[PDB]
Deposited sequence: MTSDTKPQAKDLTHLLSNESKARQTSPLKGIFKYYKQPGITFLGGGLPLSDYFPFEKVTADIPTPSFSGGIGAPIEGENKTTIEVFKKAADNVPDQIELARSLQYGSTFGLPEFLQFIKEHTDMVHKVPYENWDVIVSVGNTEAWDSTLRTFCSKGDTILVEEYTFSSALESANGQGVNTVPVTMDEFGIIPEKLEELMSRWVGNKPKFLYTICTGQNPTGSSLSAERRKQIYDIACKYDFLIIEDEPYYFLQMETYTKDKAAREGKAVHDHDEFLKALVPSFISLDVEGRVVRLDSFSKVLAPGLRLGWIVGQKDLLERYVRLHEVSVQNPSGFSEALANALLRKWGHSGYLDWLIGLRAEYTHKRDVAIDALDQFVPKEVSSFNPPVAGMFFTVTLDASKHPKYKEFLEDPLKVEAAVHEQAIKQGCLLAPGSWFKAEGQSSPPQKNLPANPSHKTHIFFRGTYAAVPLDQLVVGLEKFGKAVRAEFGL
């Protein structure tokens, strides 16, 4: 048995602490009892639900054909969720129950699978941890800001990060103070330094996309995670790890093409050992909240994820969920439960190992094309170890119009972006992801630009075409 998490209820917003259960909780205990005719509720009867069953056709472990193989023949199984429990295989969420209102924590069969998944991978190192359902990391992030932040509070964000996360914070009047990165992500020394001289109320938390970081394609090393966790403990702020790309971890990139087949993980044990430690895995104090999603693993349209953290903080999310999103789609949760239990933990691991193999190959093709096509006199690139994104860094100070552009790297970025489009390829300008913010009160007191690309969006031949056109655009702009 592990220690208890620290009491962090002092990091909740005043508004989150004041949230209450329904005044009709005070009759729920009679909802079970026979002898009592319960007329005090509002539940419709499952008798009219016009869904006798739902089915899906899904692929079959171990996905020996690759996870993208046609779903047919031996690679097709039909899962069925009937309305009535008696008509179902074991451990299903029958539609009479999954299509009824229920507990906002989530349906028990789904929570059990996703909790086992979480513990097998992350070995959460305090006793009083839990999982609750979300309708994806988008909602879970909105709900995080509502649970831990009042208007005028500060959070720390990666100095280049996800535009939607900043928009969500902006909408709630929460200041996003940027944390300095290098090509490998957050620099722990500058985060420590920032905190050591912090003026005014401390930030409530750090928001990190620590695996396959959007837009940098960086992943924090186990060593940087340890140091950042120590800073969160020393200055007493939470870490919110928004981790939709956790299972897009890949084999380390090598230029030696011949070495690549040999590098693949060979079984479930090698796979689990290869995964970078999560902040939850490090979280002896219970100050980590993890946002997990099926979006990049199964499909975005599930609108289903979960949140990992200490019981007493997750309870405040459940109160908010009751009067905001209520619960995920019963169809998504019943079908996800059916797929995961049909595959089993073994099959889901096979799926995640297939996902690793496919992304590893996409990344090798992307970075081989960067190495080949992009002029090195004015460019650099960090091969990603995780995620769907790659970046190309350019020394804007080498652009032959840099003086004529008033030494403004963003005018070089705009020129390269326009030239790329003229050459027939589009990447996302890095400056579009820049986070800006000041604490209240504010704290006291660059020639390189980059572009974000994805290797997950298009067929791999069109990827190579694209990046050749991007190399040309950089050669045209820099006169090479």
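No alpha-carbon coordinates exist for the deposited sequence positions 1-4, 450-456, given here in order along the chain.
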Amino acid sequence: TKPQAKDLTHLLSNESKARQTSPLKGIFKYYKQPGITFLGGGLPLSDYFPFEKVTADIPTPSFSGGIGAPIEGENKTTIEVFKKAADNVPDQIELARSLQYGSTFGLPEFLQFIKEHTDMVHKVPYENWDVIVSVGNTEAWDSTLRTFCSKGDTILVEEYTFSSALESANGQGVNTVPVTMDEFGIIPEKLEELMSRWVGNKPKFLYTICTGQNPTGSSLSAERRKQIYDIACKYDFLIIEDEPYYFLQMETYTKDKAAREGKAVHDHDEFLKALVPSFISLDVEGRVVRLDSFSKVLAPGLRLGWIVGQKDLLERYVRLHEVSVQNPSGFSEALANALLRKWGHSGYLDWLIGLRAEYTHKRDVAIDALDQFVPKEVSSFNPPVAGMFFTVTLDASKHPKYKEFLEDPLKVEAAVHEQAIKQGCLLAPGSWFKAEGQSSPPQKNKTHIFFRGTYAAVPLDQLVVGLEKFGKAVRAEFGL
From here on, numbers count along this sequence of modelled residues.
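Judged by mean Cα B factor in the deposited record, 360-368 ranks above the other of 175-183 and 360-368. Here 9-17 and 464-472 are compared by their mean Cα B-factor, and 464-472 comes out higher. Considering 264, 195, 132, 169 together, the PDB entry gives 264 the largest C-alpha B factor. Of the candidates 287, 321, 115, 257, the PDB record gives 257 the highest C-alpha temperature factor. Ranked by C-alpha B-factor against the other modelled residues of its chain, residue 399 falls in the middle third.
Ranked against the other modelled residues of its chain, the C-alpha B-factor of residue 431 as given in the entry falls in the lowest third. Sorting the modelled residues of the chain by their CA temperature factor places residue 342 in the middle third. Ranked within its chain, residue 384 lands in the middle third, by CA B factor from the PDB record.
Ranked within its chain, residue 452 lands in the lowest third, by CA B factor from the PDB record.
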